[PDB]
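Contents: one structure, followed by commentary.
FYI, it's all coordinate maths here, none of it is from the lab. All Cβ positions, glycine included, derive from the backbone under ideal geometry; neighbour counts span all protein chains shown.
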Amino acid sequence: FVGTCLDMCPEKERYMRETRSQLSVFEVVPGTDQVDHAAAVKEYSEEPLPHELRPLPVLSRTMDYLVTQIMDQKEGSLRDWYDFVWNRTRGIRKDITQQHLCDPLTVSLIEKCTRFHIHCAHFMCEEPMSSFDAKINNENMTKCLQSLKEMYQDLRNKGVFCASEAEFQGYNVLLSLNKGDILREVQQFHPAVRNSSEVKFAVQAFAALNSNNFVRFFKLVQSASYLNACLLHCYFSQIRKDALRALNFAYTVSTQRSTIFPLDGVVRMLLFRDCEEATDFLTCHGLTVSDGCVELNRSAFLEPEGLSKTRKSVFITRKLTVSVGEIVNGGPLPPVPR
Amino acid sequence: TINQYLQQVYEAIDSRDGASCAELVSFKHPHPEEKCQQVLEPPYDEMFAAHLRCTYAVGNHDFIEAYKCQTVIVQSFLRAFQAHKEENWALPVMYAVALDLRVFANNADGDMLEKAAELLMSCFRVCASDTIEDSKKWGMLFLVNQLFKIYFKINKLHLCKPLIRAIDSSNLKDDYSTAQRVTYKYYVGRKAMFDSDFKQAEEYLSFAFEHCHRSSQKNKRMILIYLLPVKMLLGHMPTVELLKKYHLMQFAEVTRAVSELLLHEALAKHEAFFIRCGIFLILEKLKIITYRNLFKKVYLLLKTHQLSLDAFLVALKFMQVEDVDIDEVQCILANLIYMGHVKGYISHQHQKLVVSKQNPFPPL
Amino acid sequence: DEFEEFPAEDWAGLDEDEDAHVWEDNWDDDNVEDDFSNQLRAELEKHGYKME
């Protein structure tokens, strides 16, 4: 069943929001109380009748107004920005999930939401527990990539191609490196997709993982785009542990000497921010980083446990010369939607 | 001609015969519900009426009706086989209901293959329950060989673990039909080459390569195609004579390239062959052992205990592999040290690798 | 590329055949005089780092 909804907002649910006081502080009129009839866009809490679900051009205008203004503003707290845009993008995804109409423009609505998820996989990492909850974000991202993977098969069997097909298959490979089944998947791609520019980049990243070649990993992440770099922030705690274990094994004589390993090379191979992050990272693991150089000892190294909180790795956000809005769109923006 | 079929299914139940399955139910020979429901009991005759209607459906080439037929066949025979009270004689009839819903279950074009997977998993969850002679689990190894064959073509083998551990712990593990015993650890060796369990694949599929019938000369080749890189990663590489006799000549120059870039040229000369069988990304992981053999060619060419890293840098620089510098060659050698291929330690103050002198580096 | 089933259900131990010596370890030896190793005998001895 197709809908005839012709509004940016819900037509009934804003009044229930205003009576029951569940408003979002970003989209109200200034001076509380009244709901903003210009922008009180849909909340997610069979789907009956042609309200609460929108056809494709109104929903595309909704996505355009979401990308041109809402994600750029820094007004208000950072707690509810991710909740606001995440709930509304998940509402759009639930809307066109059970609508069962497909088009290449509908694939772009998946594309912008998964680009928003890739961008928020790194930007909101410093948020304290209750605000971000990175487990449900990484849970939500793989449903988007799985639905996009199963979606691209349907138009390919139909006989129409897409310019943005081979891009996110690379991100699909970069999502799952610890699962070794995905190599069977890269034997089952289309030859034009497999012989492209960025899937062979993903093969280089998978070879950098399993061969434990950390030199051609951090030098590889500087030769990629912004989203490709910030998706690899999940593996920084894995590569820097699987790399330093060999470097605290291959430099000692038996178990009882000390190999004086100098500074400014560990930050050259392993991608740190500076000396200040590196000394704090290697002090907590159990080895000595004090005075002139880094100590190395077999017996005084143990596996970590408990808190393993991360930071923002600086070098990956240097490649953000354009602003936050045009990354998830791709190139320019359509201006003034009304 | 119907009365002879009713007589031979009547003697099937009366004489508790196992050859009556191959007589009637199997699709290997030349192949109306109210009549059988008049003459026989319902769980024993719905089989025959469904079989007539879907041999009619195959006779004018309709596959969806035959798929619903064999769904009804497996469900009704499961109900009648639980309505048996512990006997062995319906286990030949168990053979021709699962195999025939593999080729009719594959041809409906996926989700129908997953549908056949769950309705055949429902068969296994009832077959594996009850029970030394009267045991209904003798055909179970026949059943579990199908559940790999559906699961491999769909490429949705995310969890196959409780399906394997249930039959790995068994008292009758070393005694079944030996035709189905080969066909099991072939697929276990497939799941053991994948996710990095290369020793289990080697033992469980070298057991398949040492056995199996010489009459079908496709099984021996198909074992080799998926056998060879298991023992190239393990180390014990084939000879020239088996590749000459079984006409498998693509890997042979590759077995030169492991022995002493020649490896990239040999891989790219037949680039379209290993993609088709799904070997190509496994074969890239031999970079470690070919660099260790290149380490052997450097060590025997210069003959000292402490070697400088610039010679290995030049030896990688001939290879035309992109973006190789002094930090990359220092990294692979420490990986060789940690995994145990090359003994010694990488000195940073002198940039020389001191190796052990009694054994230089262990064999495999 | 599907594993086709066997014609016979059972067979004896003498029915299968092998080639006895296939998976050998004779290649881990000290042969230097192979031709490819002569080619590297240019390149490691062109940079002035030469040894016996």
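Looking only at region B:194-203, filter to residues that are outside any loop (DSSP other than H, G, I, E, B) and within 24 Å of residue A:185 (Cα to Cα); which one of those is nearest to the other protein chains (Cβ to nearest Cβ)?
B:202
Within region C:41-52, restricting attention to residues that are of a type outside the set (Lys, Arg) and more than 7 Å from every other protein chain (Cβ to nearest Cβ), which residue is nearest to residue B:28 (Cα to Cα)? Full working, then the answer.
Kept after step one, since they are of a type outside the set (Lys, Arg), are these residues of region C:41-52: C:42-45, C:47-49, C:51-52.
Still in the running and more than 7 Å from every other protein chain (Cβ to nearest Cβ): C:42, C:45, C:48.
On the way: C:42: 68, C:45: 71, C:48: 76 Å.
Among them, the one singled out is C:42.
Part of a loop (DSSP other than H, G, I, E, B) and surrounded by 14 or more Cβ atoms within 10 Å (Cβ to Cβ): does that describe residue A:43?
So residue A:43 fits the description; yes.
Let me spell it out: the conditions are (1) more than 14 Å from chain A (Cβ to nearest Cβ); (2) on the phi > 0 side of the Ramachandran plot, and residue B:278 meets all of them except one. Which number is the exception?
Condition not satisfied by residue B:278: (1).
Does residue B:355 meet the test of being among the hydrophobic types (A, V, I, L, M, F, W, C), under 42 Å from the mean Cα position of the chain (by Cα), closer than 25 Å to residue C:46 by Cβ and surrounded by fewer than 14 Cβ atoms within 10 Å (Cβ to Cβ)?
Judged against the criteria, residue B:355 is not a match.
Restricting to region B:204-244, name every residue that is more than 8 Å from chain C (Cβ to nearest Cβ) and loosely packed, with under 15 Cβ neighbours inside 10 Å.
Passing the criteria: B:217, B:221, B:240, B:244.
For the subset of region B:314-348 comprising residues that are touching a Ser or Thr at 6+ places or on another chain (Cβ under 9 Å) and at negative phi, which member is farthest from the other protein chains (Cβ to nearest Cβ)?
B:343
Can you tell me which residue within region B:152-182, out of those that are within 14 Å of chain C (Cβ to nearest Cβ) and β-branched (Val, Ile, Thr), is nearest to residue B:133 (Cα to Cα)?
B:178
Please tell me if residue A:257 is more than 30 Å from residue A:69 (Cα to Cα) and in a helix (DSSP H, G or I). Give the derivation first.
Working: more than 30 Å from residue A:69 (Cα to Cα): yes; in a helix (DSSP H, G or I): no.
No.
In region A:304-332, what residues are part of a loop (DSSP other than H, G, I, E, B) and in contact with a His (Cβ under 9 Å, 6 or more places away or on another chain)? Break it down into steps so the answer makes sense when it comes.
Within region A:304-332, the first condition is being part of a loop (DSSP other than H, G, I, E, B), and the residues that meet it are A:304-324, A:330-332.
Correct list: A:304, A:310, A:312, A:313, A:316, A:317, A:324.
For (1) more than 7 Å from chain B (Cβ to nearest Cβ); (2) within 28 Å of the chain's Cα centre (by Cα); (3) within 20 Å of residue B:297 (Cβ to Cβ), each residue gets a yes or a no:
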| site | (1), (2), (3) |
| --- | --- |
| C:4 | no, no, no |
| C:12 | yes, no, no |
| C:18 | no, yes, no |
| C:32 | no, yes, yes |
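Looking only at region B:32-47, count every residue that is part of a loop (DSSP other than H, G, I, E, B) and either surrounded by 13 or more Cβ atoms within 10 Å (Cβ to Cβ) or of a type in the set (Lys, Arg) (or both) and tell me the total.
1
Being within 10 Å of another protein chain (Cβ to nearest Cβ), closer than 30 Å to residue B:286 by Cα and out of contact with any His (no Cβ under 9 Å at 6 or more places or on another chain) narrows it down to one of A:236, A:249, so name that one.
After ruling out the rest, the residue left standing is A:249.
Would region A:146-169 turn up any residue that is within 20 Å of residue A:225 (Cβ to Cβ), in contact with a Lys or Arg (Cβ under 7 Å, 6 or more places away or on another chain) and not β-branched (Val, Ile, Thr)?
no
Could you grab the pairs with beta carbons closer than 6 Å, sequence gap of 6+ or different chains, first residue in region B:4-26 and surrounded by 13 or more Cβ atoms within 10 Å (Cβ to Cβ), second one assigned to a loop (DSSP other than H, G, I, E, B)?
If the second residue must be assigned to a loop (DSSP other than H, G, I, E, B), the pairs left are B:18/B:89.
On the given criteria, is residue B:185 within 14 Å of another protein chain (Cβ to nearest Cβ), of a type in the set (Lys, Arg) and in contact with a helix residue (DSSP H, G or I) (Cβ under 6 Å, 6 or more places away or on another chain)?
In short, yes.
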